[PDB]
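The chain below stands alone and is given in structure tokens; this is the form solved without its partner chain.
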């Protein structure tokens, strides 16, 4: 009812990844997820009000996941959003770039509710999520 109505965004390359993440989030205990077309759409979904998590791929057709991150990381507005990179991409430099950009966490396939809640509990105690 008078909730945070806290919406997750999940913008992967592959729709099945949004099902997987949503379902694992539901195994944990959450509700209220969405998808987007890519990073360009994703940012404007954040600007549909104030989302709770910005979970994404890396290899978007337009604004890549590190540029989506660094846009949220422009601070003053979107700063507080945990971007959580959940992707098929294990490329070590991608992992560096994300950590360097200050992504709130990284996950590579195959992943579970175990690692989902690991990155969540990190942003709980780290950020205050």
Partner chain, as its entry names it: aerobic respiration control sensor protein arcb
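Positions refer to the first chain, counted from 1.
The same protein has a further form, the form deposited with its partner chain bound, not shown here; the description that follows concerns it.
Although the partner is absent here, residue 61 is a contact residue: one of its heavy atoms lies within 4.5 angstroms of its partner chain in the bound PDB entry.
Contact annotation: residue 117 falls outside 4.5 Å of its partner chain in the bound PDB entry, judged by heavy atom distances. With contact defined as any non-hydrogen atom lying within 4.5 angstroms of its partner chain in the bound PDB entry, the contacting residues in 35-54 are 37, 38, given in sequence order.
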